[PDB]
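First the structure, in the form of structure tokens, and then the observations on it.
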Amino acid sequence: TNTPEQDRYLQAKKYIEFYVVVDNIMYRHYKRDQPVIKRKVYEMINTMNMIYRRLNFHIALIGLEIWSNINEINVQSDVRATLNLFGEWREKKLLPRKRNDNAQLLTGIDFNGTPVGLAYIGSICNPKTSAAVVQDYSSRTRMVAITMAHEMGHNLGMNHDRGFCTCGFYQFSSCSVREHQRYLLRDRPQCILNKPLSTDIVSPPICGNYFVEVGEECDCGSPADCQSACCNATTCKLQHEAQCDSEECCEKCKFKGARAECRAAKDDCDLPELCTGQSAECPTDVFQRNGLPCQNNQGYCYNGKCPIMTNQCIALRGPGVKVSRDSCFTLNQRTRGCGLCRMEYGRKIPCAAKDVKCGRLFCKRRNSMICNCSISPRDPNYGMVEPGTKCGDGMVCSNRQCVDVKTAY
Ligand SMILES: *[C@@H]1O[C@H](CO)[C@@H](O)[C@H](O)[C@H]1NC(C)=O
Ligand SMILES: [Ca+2]
Ligand SMILES: [Ca+2]
Ligand SMILES: [Ca+2]
Ligand SMILES: [Zn+2]
């Protein structure tokens with residue numbers, strides 16, 4: 001079932017730029033002693049990376065903050081509300097000052113009940129929900145590290161089905177790995193593709209974690225494991241004349257020649273990246289130009305996707321469904337029922353007749369000539385046709401208007 005390109009995507013090293021926060025209670029538990037706590041955090045991330053090796057993820061600690069003064073959220077024995085408060089704090093307070101793919105709260109409070117942490121599921125790189133929360137419940141750093149690794153498994157799309165698999169043979173059950181993978185394949189989140197700059201990492205270099213840090217030139221693991229002719233495993237220095245070791249654009253300790261491909265296209269709105277002969281790094285993932293016809297002329301590319309009404313229906317509604325006929329979209333001429341184009345001022349605002357395909361999305365099943373739509377008292381964008389969907393020949397949605405593509409891109 002998995003396309004060869006999917007299997008191969010499954011094997012690209014992936015990275016998380018991780019930020020950890022220590023709350024006031026763990027801080028006091030550790031006698032206010034800030035180097036002791038930083039050390040224990042570094043043991044912890046190291047433990048994670050040892051566990052996440054077989055998964056192809058490397059966790060790079062890019063920030064560590066201790067609330068040695070007061071908590072900036074109300075941390076509560078109720079695990080849910082602390083996870084809720086911490087997710088909002090991440091989105092509103094942490095991201096504006098500090099890029100990161102993920103953050104965990106590590107806290108000394110005693111959570112009510114059995115719960116030692118909690119996480120949102122398959123949400124990595126999400127501003128809102130790429131966050132977990134972990135209780136520092138033991139003096140044994142390995143154990144808290146394991147829970148930390150488990151709450152991150154949740155962010156990476158592993159399910160609770162927990163209390164084990166259906167059936168089989170520190171680590172993850174096979175069912176937890178298929179879940180995680182499916183999630184990666186289904187969402188392919190963007191952020192875990194970039195290799196963080198070695199400068200950006202705040203933990204001590206570890207020579208042997210397979211990630212090249214400041215003061216190292218290569219890192220192929222333990223001397224017992226390493227079999228590179230390029231790298232000296234003990235010292236993490238390149239060998240005689242080598243320019244590189246295990247980067248995607250290295251071959252036989254040298255830069256590959258220009259134009260060798262290094263990240264395949266994942267579909268027709270992706271542009272392949274190609275090695276430079278100039279360095280050992282694969283150029284950043286970028287995509288085809290905005291407006292390229294895509295998915296058999298059914299759409300036009302927008303920032304690396306091919307938005308199509310039928311697929312947005314299926315995403316909202318599950319497979320088995322498809323876009324409604326054009327007549328359904330008339331409803332968008334008014335603001336009663338599903339009908340919508342824009343929120344302006346907290347007021348509801350109709351589509352002009354010419355724009356009706358860039359308002360609320362209308363889907364259908366069988367029997368149903370009923371025009372179904374998706375709504376949210378919560379979030380007035382949910383169910384709205386995605387920007388950049390095709391609305392006529394050579395026309396796309398931009399700001400909830402149907403516009404000439406030559407004016408959009
Ligand atoms: C690693 O580097 C040192 C330089 O101190 C060298 O003499 C040592 O034997 C090297 N080890 C290997 C296995 O190349
Ligand atoms: Ca990233
Ligand atoms: Ca290293
Ligand atoms: Ca690309
Ligand atoms: Zn668990």
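How things are named: the first chain in the structure tokens is A, the next is B, and so on; residues count from 1 in each chain; ligands count from 1 in the order shown.
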
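Residues of protein, DNA or RNA having any atom at most 10 Å from ligand 2, counting only C-alpha atoms and all ligand atoms, are residues 14, 15, 16, 17, 18, 60, 99, 100, 101, 102, 124, 125, 189, 190, 191, 192, 193, 194, 195 and 196 of chain A.
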
**Contacts of residue 82 (chain A) at 10 Å (only C-alpha atoms; same-chain gap of 2+ positions) as an MDAnalysis selection string** = chainID A and resid 73:80 84:88 105 111 117:118 132:133

May I have the residues from that selection written out with C-alpha atoms, as a PDB file, in the first residue's frame?
ATOM      1  CA  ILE A  73       0.632  29.977  34.321  1.00  0.00           C
ATOM      2  CA  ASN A  74      -1.608  28.647  37.041  1.00  0.00           C
ATOM      3  CA  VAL A  75      -0.231  25.101  37.241  1.00  0.00           C
ATOM      4  CA  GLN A  76      -2.925  22.832  38.801  1.00  0.00           C
ATOM      5  CA  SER A  77      -3.245  19.311  40.171  1.00  0.00           C
ATOM      6  CA  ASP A  78      -5.796  19.026  37.384  1.00  0.00           C
ATOM      7  CA  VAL A  79      -3.587  17.733  34.460  1.00  0.00           C
ATOM      8  CA  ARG A  80      -6.060  18.830  31.806  1.00  0.00           C
ATOM      9  CA  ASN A  84      -4.700  23.627  28.391  1.00  0.00           C
ATOM     10  CA  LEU A  85      -3.065  26.625  30.060  1.00  0.00           C
ATOM     11  CA  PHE A  86       0.382  25.570  28.812  1.00  0.00           C
ATOM     12  CA  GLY A  87      -0.711  25.153  25.171  1.00  0.00           C
ATOM     13  CA  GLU A  88      -2.144  28.739  25.124  1.00  0.00           C
ATOM     14  CA  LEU A 105       6.263  21.644  30.793  1.00  0.00           C
ATOM     15  CA  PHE A 111      -1.352  15.703  39.491  1.00  0.00           C
ATOM     16  CA  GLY A 117       1.672  13.821  32.005  1.00  0.00           C
ATOM     17  CA  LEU A 118      -0.751  14.478  29.208  1.00  0.00           C
ATOM     18  CA  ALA A 132       2.850  18.281  26.308  1.00  0.00           C
ATOM     19  CA  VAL A 133       3.104  18.507  30.123  1.00  0.00           C
TER      20      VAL A 133
END

**Protein and nucleic residues near ligand 5, 12 Å, only C-alpha atoms and all ligand atoms, as a PyMOL selection string** = chain A and resi 114-119+121+134+146-155+158-164+170-173+176

Identify, counting only C-alpha atoms and all ligand atoms, the protein, DNA and RNA residues located within 8 Å of ligand 1, and give them as a PDB file with N, CA, C and O atoms, in the first residue's frame.
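Below you can see selection_8.pdb, which holds the result:
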ATOM      1  N   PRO A 223      32.211   4.728  19.126  1.00  0.00           N
ATOM      2  CA  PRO A 223      33.221   3.899  18.400  1.00  0.00           C
ATOM      3  C   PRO A 223      32.810   2.398  18.134  1.00  0.00           C
ATOM      4  O   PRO A 223      33.173   1.833  17.125  1.00  0.00           O
ATOM      5  N   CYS A 231      34.577   9.606   9.268  1.00  0.00           N
ATOM      6  CA  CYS A 231      34.504  10.293  10.541  1.00  0.00           C
ATOM      7  C   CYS A 231      35.280   9.481  11.554  1.00  0.00           C
ATOM      8  O   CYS A 231      35.185   8.270  11.555  1.00  0.00           O
ATOM      9  N   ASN A 232      36.020  10.164  12.427  1.00  0.00           N
ATOM     10  CA  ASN A 232      36.601   9.564  13.610  1.00  0.00           C
ATOM     11  C   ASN A 232      35.612   9.688  14.784  1.00  0.00           C
ATOM     12  O   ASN A 232      35.344  10.792  15.369  1.00  0.00           O
ATOM     13  N   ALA A 233      35.098   8.519  15.134  1.00  0.00           N
ATOM     14  CA  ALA A 233      33.984   8.345  16.050  1.00  0.00           C
ATOM     15  C   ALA A 233      34.376   8.766  17.456  1.00  0.00           C
ATOM     16  O   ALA A 233      33.593   9.369  18.153  1.00  0.00           O
ATOM     17  N   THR A 234      35.614   8.577  17.837  1.00  0.00           N
ATOM     18  CA  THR A 234      35.999   8.948  19.154  1.00  0.00           C
ATOM     19  C   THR A 234      35.996  10.472  19.301  1.00  0.00           C
ATOM     20  O   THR A 234      35.513  11.020  20.329  1.00  0.00           O
ATOM     21  N   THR A 235      36.547  11.168  18.308  1.00  0.00           N
ATOM     22  CA  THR A 235      36.772  12.595  18.514  1.00  0.00           C
ATOM     23  C   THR A 235      35.671  13.428  17.807  1.00  0.00           C
ATOM     24  O   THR A 235      35.579  14.636  18.001  1.00  0.00           O
ATOM     25  N   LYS A 237      35.786  14.256  14.791  1.00  0.00           N
ATOM     26  CA  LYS A 237      36.467  15.098  13.768  1.00  0.00           C
ATOM     27  C   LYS A 237      36.450  14.352  12.486  1.00  0.00           C
ATOM     28  O   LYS A 237      36.416  13.139  12.533  1.00  0.00           O
ATOM     29  N   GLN A 239      37.925  12.579   9.126  1.00  0.00           N
ATOM     30  CA  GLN A 239      39.256  11.983   8.787  1.00  0.00           C
ATOM     31  C   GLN A 239      39.981  12.721   7.607  1.00  0.00           C
ATOM     32  O   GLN A 239      39.364  13.560   6.865  1.00  0.00           O
TER      33      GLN A 239
END

**Prompt:** Quick one: residues within 7 Å of residue 290 (chain A), only C-alpha atoms counted, chain neighbours fewer than 4 positions away excluded, as a list in words?
**Reply:**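 My reading of the contact set: residues 301, 302, 303 and 409 of chain A.
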
Interface rows for chain A against ligand 3: nearest pair, Å to one decimal, 10 Å, only C-alpha atoms and all ligand atoms, as a Markdown table:
| residue | atom | partner | partner_atom_place_in_ligand_line | distance |
| --- | --- | --- | --- | --- |
| A:198 | CA | ligand 3 | 1 (Ca) | 9.5 |
| A:204 | CA | ligand 3 | 1 (Ca) | 8.9 |
| A:205 | CA | ligand 3 | 1 (Ca) | 5.4 |
| A:206 | CA | ligand 3 | 1 (Ca) | 4.4 |
| A:207 | CA | ligand 3 | 1 (Ca) | 4.1 |
| A:208 | CA | ligand 3 | 1 (Ca) | 5.2 |
| A:209 | CA | ligand 3 | 1 (Ca) | 4.7 |
| A:210 | CA | ligand 3 | 1 (Ca) | 5.4 |
| A:211 | CA | ligand 3 | 1 (Ca) | 4.4 |
| A:212 | CA | ligand 3 | 1 (Ca) | 4.5 |
| A:213 | CA | ligand 3 | 1 (Ca) | 4.9 |
| A:214 | CA | ligand 3 | 1 (Ca) | 8.2 |
| A:215 | CA | ligand 3 | 1 (Ca) | 9.0 |
| A:216 | CA | ligand 3 | 1 (Ca) | 6.9 |
| A:217 | CA | ligand 3 | 1 (Ca) | 8.9 |
| A:218 | CA | ligand 3 | 1 (Ca) | 7.6 |
| A:219 | CA | ligand 3 | 1 (Ca) | 5.4 |
| A:220 | CA | ligand 3 | 1 (Ca) | 8.3 |
| A:221 | CA | ligand 3 | 1 (Ca) | 8.1 |
| A:236 | CA | ligand 3 | 1 (Ca) | 7.6 |

**Residues within 6 Å of region 273-277 of chain A, only C-alpha atoms, excluding chain neighbours under 2 positions, as a list in words** = residues 249, 255, 256, 257, 258, 259, 260, 261, 262, 263 and 282 of chain A

**Secondary structure check, alpha helix (DSSP H) residues of region 121-243 of chain A, as a VMD selection string** = chain A and resid 141 to 155 174 to 187

**Item:** Contacts of ligand 4, 6 Å or closer, only C-alpha atoms and all ligand atoms, given as a list in words
**Value:** residues 265, 270, 271, 272, 273, 285, 286 and 287 of chain A

Preceding selection exported with C-alpha atoms as a CSV table (one decimal), in the first residue's frame:
chain,number,residue,atom,x,y,z
A,265,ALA,CA,8.7,15.6,-4.9
A,270,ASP,CA,6.4,19.9,-4.6
A,271,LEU,CA,9.7,20.9,-6.3
A,272,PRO,CA,12.6,18.4,-5.9
A,273,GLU,CA,15.7,19.7,-4.1
A,285,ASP,CA,12.1,22.0,1.2
A,286,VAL,CA,10.4,24.4,-1.1
A,287,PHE,CA,7.7,24.0,-3.7

**Asked** CA of residue 370 (chain A) and CA of residue 386 (chain A) are how many Å apart?
**Response**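 Atom-to-atom, CA of residue 370 (chain A) and CA of residue 386 (chain A) are spaced 21.4 Å apart.
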